[PDB]
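K.L.:
this one's sequence-less:
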């Protein structure tokens, strides 16, 4: 029993417990992506400002 | 000089409108971070990419 328990626990951990490396890599990718997205949006609001120069 | 129409204005407006459309096309993919978002930019590329994504999953 004391080894069946460890094998079953290993299986359950593999099913449910996350691997921190992959998650943090994805987190870094999404963080740089959201930074780029918000910067690009900020560039987008000012875009129609050029219209009034001919008003 | 003719005054009922301004041909230079029309030409400038046309080229400006198409340049602005190109600006929007670049800006949307800058925001998204992917080379192609709407189909037609690369149909074969989109199909291959969908196959590739199914394969990685």
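P.N.:
Ah, there it is. Numbers count the residues shown, from 1 in each chain, chains lettered A, B, ... in the order given.

K.L.:
and for residue A:23, the neighbour number?
P.N.:
By other CB atoms under 10 Å in any protein chain shown, the residues close to residue A:23 number 10. Yep, even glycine has a C-beta here, placed from its N, CA and C like the rest.

K.L.:
distance check, it against residue A:30.
P.N.:
Separation of residue A:23 from residue A:30 (CB to CB, to the nearest Å) stands at 10 Å.

K.L.:
what do these two both touch?
P.N.:
The contact sets of residue A:23 and residue A:30 do not overlap (CB atoms under 8 Å, 6 or more residues apart in numbering or on different chains).

K.L.:
residue contacts, the closest residue to chain B within chain A?
P.N.:
Closest to chain B within chain A is residue A:40: 4.5 Å, counting by CB to the nearest CB. Residue A:40 sits next to B:27, B:30-31 when contact means CB under 8 Å, 6+ apart.

K.L.:
so can I have CSV of those residues showing distance to residue B:16 and secondary structure?
P.N.:
As requested, the contacts of residue A:40 are arranged in CSV below (distance: CB to CB, whole Å; DSSP: H, G, I helix; E, B strand; the rest coil):
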residue, distance to residue B:16, secondary structure
B:27, 16, helix
B:30, 20, helix
B:31, 22, helix
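
K.L.:
and residue B:19, how far from residue A:50?
P.N.:
Per CB to CB, residue B:19 is found 11 Å from residue A:50.

K.L.:
so which elements touch the strand or helix carrying residue B:25?
P.N.:
Using DSSP states H and E, residue B:25 falls within helix B:7-32. Applying 3 or more CB pairs under 8 Å, 6 or more residues apart in numbering or on different chains; DSSP states H and E, we find helix B:7-32 packed against helix A:20-45.

K.L.:
ok now the helix it packs on, how far from the chain's centre?
P.N.:
Between the centre of helix A:20-45 and the centre of its host chain there is 7 Å, according to CA atoms, centre = their mean, to the nearest Å.

K.L.:
stretch A:44-55 too?
P.N.:
33 Å.

K.L.:
need the contact partners of stretch B:39-51.
P.N.:
B:35-36.

K.L.:
can you rerun that using 6 Å?
P.N.:
residue B:36 (CB atoms under 6 Å, 6 or more residues apart in numbering or on different chains).
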